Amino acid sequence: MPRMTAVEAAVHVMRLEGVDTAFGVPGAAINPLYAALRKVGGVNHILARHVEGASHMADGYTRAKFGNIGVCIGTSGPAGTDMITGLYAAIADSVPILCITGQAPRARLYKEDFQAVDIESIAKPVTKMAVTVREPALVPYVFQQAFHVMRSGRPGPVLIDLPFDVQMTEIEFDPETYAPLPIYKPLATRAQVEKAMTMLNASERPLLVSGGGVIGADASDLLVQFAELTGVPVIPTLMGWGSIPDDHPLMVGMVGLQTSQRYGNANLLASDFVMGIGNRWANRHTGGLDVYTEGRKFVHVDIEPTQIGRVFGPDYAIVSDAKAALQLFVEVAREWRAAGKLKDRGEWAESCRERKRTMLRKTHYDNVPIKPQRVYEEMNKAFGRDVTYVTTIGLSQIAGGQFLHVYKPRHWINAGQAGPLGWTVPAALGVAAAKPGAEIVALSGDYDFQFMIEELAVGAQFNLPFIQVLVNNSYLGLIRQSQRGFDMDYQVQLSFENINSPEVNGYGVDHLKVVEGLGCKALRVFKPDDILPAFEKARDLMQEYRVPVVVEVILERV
């Protein structure tokens, strides 16, 4: 029957819930939680160089491994508003992170105090729960509920706001009998799976769409089991990328976009049947255009067919966690296999492989200045199958062409729905914190890279190596300095004459100098044949010093 501060009890709860890592910016209002972290022990703290960096580190830490929940800590007032963008990026992708903010003492709550904010109302639209805890005895139970809410239903983030006086009040709490709350998920029934199987087996050219919910539910193995058991080819979404390996025979391409003109990935338009699991349907240009068809039936299996239904009504829908569903689809599909009821898909699957091997654009460009396509081709050569990519690039290409490849679930780590500029660097650091020794490769243009550039120092302080591929299209951009159209274009672009450069230039920021001052290593590449050797030198430097290594590739565009 120990007595302890509410914040010490909060730390016991987090540890009992499996937290051993947190990212944060300390401050006075949240100091009792840090003292409790020191007293209880067992949580490694990684200090961020911006509160938004801590929230994106938490996001990347969650995404790196099923069951992880990144924790993000900040002080009263502006720290909490600094978290809103990271909570939004996470909730938009159904990613849980736990944010904790300090707060002004309770009597000072309803006045506009020195660094006191109504973080509850601001963060409510971007969290599953956001609460200021006004009763000290309730703090452990708010944290316990937080973990239930983050894991249950559609996963998503939570914010807990802690008044300074609440944190230090002594309370009773008993870690030895604490237990986590049960997790809630909707579950598919056998009758629902049997009906979907009847529509699947009735079809001539079935396809499986594998979205982020398959990965979110840790169901990629069952998704591939089901695809192989039925012989049905799979088309991942961007958030589903890597739920089946790109070189798997049943992996027959990616949904390059949704309803954008005549862009077609060939395998979709051939199909008479599409079963989506855990997938969104990206927006239609405000109305039915392409994938929707009277001749193509659609089945949708999702944790919330309570929100995603933008095909204007699937032919059949199942409300289910993707793993619980897929466990049943595999069990039923075996029963149809043993009975000889499954149709043979060998011919249609081989046709899907043919269109995939033909939809190939050449990208071995020798051009100087370097073309972006050459960079991705060299990245595929340089890094192994186990590389984990981190980026917010939603525009890999307009429609069709060489890009990257993904072979394992959660090796494509991308804030697809929100994806702010600056997400990538702190997110890649969170991935490195979750997977020590793993090979992590971020990809950004210079604007994205600059937003949160200072977070590179976090990887130098805590030895969190990863490789940053930095594609810079502002480096060549000519400062024409004739006032016709240049003076107006100058105001909406990144190039300027850097006066610290040896020679006349329009480079803008010297990223190599910035990265070096932040404690990291950097290389610059001007010719396409130097890209791959620079990537290899980056891996060696990374292994040697265990700090981030930036490879800046000089691009043609601006």
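Residue positions are given as counts along the sequence shown, with the first one as 1.
- According to the PDB record, 287-295 carries the higher mean C-alpha B-factor of the two stretches 287-295 and 270-278.
- When the mean C-alpha temperature factors of 452-460 and 384-392 are read from the deposited coordinates, 384-392 comes out higher.
- Note on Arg151, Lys356, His300, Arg374: the highest value goes to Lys356, judged by CA B factor as recorded.
- Ranking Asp161, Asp344, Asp118, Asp321 by Cα temperature factor from the entry places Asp344 first.
- Placement of the Cα temperature factor of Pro78 within the chain: middle third of the modelled residues, per the deposited record.
- When the CA B factors of the chain's modelled residues are split into thirds, the value for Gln145 lands in the lowest one.
- Among the modelled residues of its chain, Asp246 has a C-alpha B-factor that falls in the middle third according to the deposited record.
- Remark: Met1 belongs to the highest third of its chain, ranked by C-alpha B-factor as recorded.
- Residue-level temperature factors show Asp366 in the highest third of its chain, judged at the C-alpha atom.
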